[PDB]
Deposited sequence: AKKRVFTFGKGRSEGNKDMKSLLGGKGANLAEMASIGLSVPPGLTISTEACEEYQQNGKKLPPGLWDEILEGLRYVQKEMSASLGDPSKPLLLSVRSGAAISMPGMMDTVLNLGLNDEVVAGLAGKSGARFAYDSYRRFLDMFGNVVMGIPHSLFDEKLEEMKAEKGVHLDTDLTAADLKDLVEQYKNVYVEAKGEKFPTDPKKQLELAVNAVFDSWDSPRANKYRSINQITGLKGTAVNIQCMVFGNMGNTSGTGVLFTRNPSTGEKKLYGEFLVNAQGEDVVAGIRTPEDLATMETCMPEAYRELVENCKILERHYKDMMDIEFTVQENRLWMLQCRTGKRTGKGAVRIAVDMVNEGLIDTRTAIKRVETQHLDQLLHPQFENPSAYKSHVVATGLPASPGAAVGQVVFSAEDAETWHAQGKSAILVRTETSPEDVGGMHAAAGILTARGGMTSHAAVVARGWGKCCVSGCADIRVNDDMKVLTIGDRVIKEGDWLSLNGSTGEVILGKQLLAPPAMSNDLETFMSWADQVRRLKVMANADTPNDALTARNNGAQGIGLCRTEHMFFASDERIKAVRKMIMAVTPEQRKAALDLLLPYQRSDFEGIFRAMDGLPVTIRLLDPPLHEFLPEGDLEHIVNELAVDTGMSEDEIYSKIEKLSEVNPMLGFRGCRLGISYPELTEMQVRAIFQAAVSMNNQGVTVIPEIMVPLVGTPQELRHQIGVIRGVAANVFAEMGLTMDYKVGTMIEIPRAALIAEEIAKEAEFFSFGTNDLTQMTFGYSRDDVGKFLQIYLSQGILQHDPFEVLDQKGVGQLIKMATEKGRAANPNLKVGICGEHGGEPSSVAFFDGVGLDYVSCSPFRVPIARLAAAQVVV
């Protein structure tokens, strides 16, 4: 004889939390909450072994299981002083299915089992007559559907028949008298559709419900899942029978919700609402207004104390802030639902640190209690009072890109571009978005799309900028031609507020505060930095940018793109354009002399800004089409002659000879430095000259030179030869030798496939996962937009591979180069400077393969630091 029924009640549980296998997911959870002393209404759980015996007994209850169940019902009846079927003191039950793991095709929950004409009459004496009858029709529908196999549409048919006959649109506007008549119609659907009438004996209703739960396990919907997921070794589903409690049984009863701490600020104070003589539905429906918890304390003192004690137990056992749902039924507090409560970014760090000071959790735990998105909220503008506008929220979409923005609405990109140039903050609103308007999106303070998703074009480009965005908000329809949003006709030009962190879109101008520092945040990040394994460098090409990086925690610079160090002045581009068009090696060397001071000065500032940290400078890797002006080839070629002074026929044939079909795979990277050593000699001279000058002013310079787009060790060996030669010249000309390192980019697939050859020549690798992703997938980053959305929406891709690292494909090359590289050169250092360097899931993969550091934009360093810490916990 084996036990198959396990009762649970406040402080008393026959099971335990570790028995997921026997009681199922929820059943073991109900035992857990009960054991720790939470006020859960009493009930019982029929084990999964019982379900198996039911199968092995021809889908008939096994021997003595029913007597075993009745024993448990008697326990529940005694704890509640109610009994099944008694109109004076009826026991109503919930029936829930649950396996050892999430499972589709399982039987749905059935509420208020134990109702019938007699019982419902009694219930109407404590609740409204409307509630009792509305609760009866719902049971008849759910029961007839979930348990008797009657399609839901048969009941709903008789419902819409009455609504149309009465002439009303909403269910809430059917009178209690109507619902009483509607009850009898539902009872007839049983006869019409099955020839068997609704069973009125609660015990009969329960037996049928127990069979249905076991039956649902062997359903086609269920078997179809378990076969797909290759999951063997499950006996069945458990049945969870629990007593129903109500908050509308009089003035001694009520329903409320709370977070054990404030979810916007993190204050260690209960935070919630409570409504006397009502149900949870009445709260969120808006039929009536709740009241702050304080009210409960002053009118239901004993119930409030038990609530306070319940909340203490929660945080003591779950070691975290909890979002709960409770109801007081005739002065007895009952715990219904609890779950870790959603927080704001600010509230996450506050609660994380407070619980550490409280000795409730350690720092390691705390580091995984603040999501990278939580931290992201703190790195961006924020709304002063998150809940002060709760009354003005008109819809809530997806939190595409965290942040907060406010501005006037405009329905096109060009006009969002017109409105920025005139001073104003623009909110771009379009049904969807495509690469055809990346410029207009770069002007708008915030973005909002009707059709979209976490991997939409709006969401991906927005996150790459840190720009606020709310994507995929089904509630909007956006008329480009008509210029109105119908969520309420929202005019073009009206002030709209967007919360990219909660997905909320809000009416009117809202108060905005800047990202500020706090002692909690400062303390939190210090924990992350101590536990961290990966160093976090920065991608900075400007002195001012290096400064911003170091302020954000950068431990150095892992990539200084030398091609992006000429956008500031026209004198700089006119200098660049002098070389691109150079044909005579005298004119080429002349243009390089014109460039030397610019490169040297910049490098000096960068070294000064990164005083005492590593600075990895990368040799040229130019986007030519970026350096040539807009217009006709008529308009464009005139400007080139206006800088260069080459003959107009000569400047023409040069653009001819410079254009490429595939520039991303063309004359770029080291292919330039090798074809034109003069170019590399100039750069390497500016570097060392700067290094010496700054060293002489007491600056600690730790320079690294880097060769881009290498696919062969011979390419790398070539540029190094050029470097070492220039190093001797500068160090001899200036009278100081300076220690440096020389390494390579690993952004070509061949470079990973033969990394062992390249490691014997290089002092460090850094993966350029932009090109490497482009080369591995054969996706042009400029042109990928022509099909990426079709792939994402059709399940071909799960993420924008240029944003989230492809671990199976791209990641295999990274894991390959690192292993081969370290095996061939134990002193090799390995890092990253592709965009994936700042992406959390990517960072975790990099710590996994044992990289030394990661590098990312200055604004992304903090997130990379937290990601680097979360992975080692």
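Report task. Give the ranges of the deposited sequence, numbered from 1, for which the structure holds no C-alpha coordinates, in sequence order. Result -> Residues lacking C-alpha coordinates: just 488-489.
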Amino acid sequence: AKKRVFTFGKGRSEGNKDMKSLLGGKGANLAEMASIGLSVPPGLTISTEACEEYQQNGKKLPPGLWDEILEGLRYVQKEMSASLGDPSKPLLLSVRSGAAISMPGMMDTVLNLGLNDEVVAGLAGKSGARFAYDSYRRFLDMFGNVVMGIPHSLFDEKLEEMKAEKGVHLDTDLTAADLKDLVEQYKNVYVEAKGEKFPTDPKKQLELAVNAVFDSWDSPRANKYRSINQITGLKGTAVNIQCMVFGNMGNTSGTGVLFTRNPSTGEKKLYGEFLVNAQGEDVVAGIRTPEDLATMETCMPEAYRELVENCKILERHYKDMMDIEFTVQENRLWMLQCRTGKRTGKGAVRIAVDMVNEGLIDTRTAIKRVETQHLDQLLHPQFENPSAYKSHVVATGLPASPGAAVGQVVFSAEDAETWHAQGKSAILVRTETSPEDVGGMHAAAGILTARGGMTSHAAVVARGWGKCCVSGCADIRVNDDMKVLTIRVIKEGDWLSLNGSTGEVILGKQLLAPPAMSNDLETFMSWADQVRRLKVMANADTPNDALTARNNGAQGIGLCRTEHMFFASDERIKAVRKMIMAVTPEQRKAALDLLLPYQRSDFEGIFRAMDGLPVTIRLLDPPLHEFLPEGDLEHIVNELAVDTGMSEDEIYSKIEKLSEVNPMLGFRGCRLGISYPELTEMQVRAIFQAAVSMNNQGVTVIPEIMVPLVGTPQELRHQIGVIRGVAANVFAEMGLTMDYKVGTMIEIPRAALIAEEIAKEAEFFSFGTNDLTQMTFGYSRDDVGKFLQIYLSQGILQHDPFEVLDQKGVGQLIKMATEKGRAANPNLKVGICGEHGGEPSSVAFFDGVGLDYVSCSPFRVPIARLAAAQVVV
From here on, numbers count along this sequence of modelled residues.
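Query raised in the report: Which is higher in the entry, the mean Cα B factor of 56-64 or that of 40-48?
Result: Comparing averages over the C-alpha atoms only gives 56-64.
Query raised in the report: Mean CA B-factor: is it higher for 465-473 or for 241-249?
Result: That would be 465-473.
Query raised in the report: Of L115, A404, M142, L314, which one's C-alpha B factor is largest in the deposited record?
Result: Among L115, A404, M142, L314, the highest C-alpha B-factor in the entry belongs to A404.
Query raised in the report: Per the PDB entry, which option out of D602, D649, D611, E371 has the greatest Cα B factor?
Result: Spelled out: the listed residue with the top C-alpha B-factor is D649.
Query raised in the report: Mind checking which third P386 falls in for C-alpha B-factor across the chain?
Result: Answer is highest: the recorded C-alpha B-factor places it there.
**Report entry** Entry-reported Cα temperature factor of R561, expressed as the chain third it lands in
**Finding:** CA B-factor rank for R561: middle third.
Query raised in the report: Of the three thirds of its chain by CA temperature factor, lowest, middle or highest, which one includes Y779?
Result: Within its chain, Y779 is a middle-third residue by C-alpha B-factor, going by the deposited values.
Query raised in the report: Hey, what third does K203 fall into on Cα B-factor, ranked over its chain?
Result: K203: CA B-factor falls in the lowest third of its chain.
Query raised in the report: Among the modelled residues of its chain, does the C-alpha B-factor of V872 lie in the lowest, middle or highest third?
Result: Ranked within chain, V872 CA B lands in the middle tercile.
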